[PDB]
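Participant: Next up, work_8.cif (mmCIF, C-alpha atoms).
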```
data_data
#
loop_
_atom_site.label_atom_id
_atom_site.label_comp_id
_atom_site.auth_asym_id
_atom_site.auth_seq_id
_atom_site.Cartn_x
_atom_site.Cartn_y
_atom_site.Cartn_z
CA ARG A 1 -19.29 -18.13 40.16
CA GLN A 2 -18.63 -17.63 43.89
CA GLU A 3 -20.03 -20.91 45.28
CA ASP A 4 -19.83 -20.63 49.09
CA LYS A 5 -18.15 -17.54 50.60
CA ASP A 6 -17.23 -18.32 54.25
CA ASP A 7 -16.27 -21.80 52.93
CA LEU A 8 -12.67 -21.05 54.02
CA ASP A 9 -12.38 -22.51 57.52
CA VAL A 10 -12.83 -19.10 59.17
CA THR A 11 -12.29 -20.82 62.55
CA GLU A 12 -9.26 -23.18 62.29
CA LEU A 13 -7.72 -20.40 60.18
CA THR A 14 -4.53 -18.86 61.57
CA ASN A 15 -4.27 -15.43 63.24
CA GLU A 16 -1.72 -13.44 61.18
CA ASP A 17 -3.48 -14.75 58.05
CA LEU A 18 -7.12 -14.07 59.06
CA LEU A 19 -6.25 -10.45 59.82
CA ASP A 20 -6.75 -10.04 56.06
CA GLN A 21 -10.32 -11.39 56.19
CA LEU A 22 -11.21 -8.84 58.87
CA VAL A 23 -8.97 -5.86 58.17
CA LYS A 24 -10.31 -5.73 54.59
CA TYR A 25 -14.07 -6.20 54.77
CA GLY A 26 -13.89 -3.12 56.99
CA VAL A 27 -13.33 -5.17 60.14
CA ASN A 28 -10.73 -4.22 62.77
CA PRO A 29 -10.58 -6.70 65.66
CA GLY A 30 -7.06 -5.91 66.97
CA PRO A 31 -6.08 -8.62 69.48
CA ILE A 32 -6.72 -11.96 67.74
CA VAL A 33 -5.46 -14.03 70.68
CA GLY A 34 -5.90 -17.83 70.41
CA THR A 35 -9.37 -17.27 71.92
CA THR A 36 -10.61 -14.75 69.34
CA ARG A 37 -10.28 -16.46 65.90
CA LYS A 38 -13.41 -18.48 66.86
CA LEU A 39 -15.10 -15.17 67.77
CA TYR A 40 -14.08 -13.39 64.55
CA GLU A 41 -14.82 -16.68 62.80
CA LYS A 42 -18.40 -15.36 62.62
CA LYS A 43 -18.12 -11.58 63.28
CA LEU A 44 -16.43 -11.27 59.88
CA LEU A 45 -18.57 -14.00 58.29
CA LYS A 46 -21.59 -11.69 58.67
CA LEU A 47 -19.74 -9.44 56.21
CA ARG A 48 -18.46 -12.53 54.36
CA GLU A 49 -21.42 -14.97 54.41
CA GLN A 50 -21.88 -14.80 50.62
CA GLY A 51 -24.10 -11.80 51.44
CA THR A 52 -27.77 -12.58 50.71
CA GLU A 53 -29.74 -9.71 49.11
CA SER A 54 -28.56 -6.33 47.73
CA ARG A 55 -28.23 -4.11 50.82
CA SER A 56 -25.53 -3.39 53.43
CA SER A 57 -27.34 -2.12 56.56
#
```
Let me see the file written as structure tokens.
Facilitator:
Amino acid sequence: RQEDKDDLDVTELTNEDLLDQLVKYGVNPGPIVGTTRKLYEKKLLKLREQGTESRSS
């Protein structure tokens, strides 16, 4: 039972704490300035949007 995946506010989220959402799905942003979280709020959600089918590119 997953129910929603990106449900976690991937945007208001903090910086030191979202580094786990990106650095683990295989995402390495680096500089998560106060202007990036919004950016990575979706970049990582593509790899965290409750997937969809059964393939990974």
Participant: Taking the file as shown, find all residues satisfying the PyMOL selection byres ((chain A and resi 4) around 12) and write them as a compact mmCIF listing (two decimals) with C-alpha atoms, in the frame of the given file.
Facilitator:
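Output contents, as saved in expr-v6.txt:
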```txt
# COMPACT_ATOMS: atom_id res chain seq x y z
CA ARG A 1 -19.29 -18.13 40.16
CA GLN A 2 -18.63 -17.63 43.89
CA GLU A 3 -20.03 -20.91 45.28
CA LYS A 5 -18.15 -17.54 50.60
CA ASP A 6 -17.23 -18.32 54.25
CA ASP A 7 -16.27 -21.80 52.93
CA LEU A 8 -12.67 -21.05 54.02
CA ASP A 9 -12.38 -22.51 57.52
CA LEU A 45 -18.57 -14.00 58.29
CA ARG A 48 -18.46 -12.53 54.36
CA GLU A 49 -21.42 -14.97 54.41
CA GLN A 50 -21.88 -14.80 50.62
CA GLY A 51 -24.10 -11.80 51.44
CA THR A 52 -27.77 -12.58 50.71
```
Participant: To verify the selection step, state as a ChimeraX atom specification which residues the PyMOL selection byres ((chain A and resi 12-21) around 8) yields on this input.
Facilitator: /A:8-11,22-25,27,32-34,37-38,44
Participant: Go ahead and write the residues just picked, C-alpha atoms, as a PDB file, keeping the file's coordinate frame.
Facilitator:
```
ATOM      1  CA  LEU A   8     -12.670 -21.050  54.020  1.00  0.00           C
ATOM      2  CA  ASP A   9     -12.380 -22.510  57.520  1.00  0.00           C
ATOM      3  CA  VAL A  10     -12.830 -19.100  59.170  1.00  0.00           C
ATOM      4  CA  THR A  11     -12.290 -20.820  62.550  1.00  0.00           C
ATOM      5  CA  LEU A  22     -11.210  -8.840  58.870  1.00  0.00           C
ATOM      6  CA  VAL A  23      -8.970  -5.860  58.170  1.00  0.00           C
ATOM      7  CA  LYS A  24     -10.310  -5.730  54.590  1.00  0.00           C
ATOM      8  CA  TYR A  25     -14.070  -6.200  54.770  1.00  0.00           C
ATOM      9  CA  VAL A  27     -13.330  -5.170  60.140  1.00  0.00           C
ATOM     10  CA  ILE A  32      -6.720 -11.960  67.740  1.00  0.00           C
ATOM     11  CA  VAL A  33      -5.460 -14.030  70.680  1.00  0.00           C
ATOM     12  CA  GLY A  34      -5.900 -17.830  70.410  1.00  0.00           C
ATOM     13  CA  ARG A  37     -10.280 -16.460  65.900  1.00  0.00           C
ATOM     14  CA  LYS A  38     -13.410 -18.480  66.860  1.00  0.00           C
ATOM     15  CA  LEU A  44     -16.430 -11.270  59.880  1.00  0.00           C
TER      16      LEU A  44
END
```
Participant: Box time for region 43-49 of chain A: axis-aligned, enclosing all its listed atoms, 8 Å extra on each side; report centre and edge lengths in Å to one decimal, as JSON.
Facilitator:
```
{"center_x": -19.0, "center_y": -12.2, "center_z": 58.8, "size_x": 21.2, "size_y": 21.5, "size_z": 24.9}
```
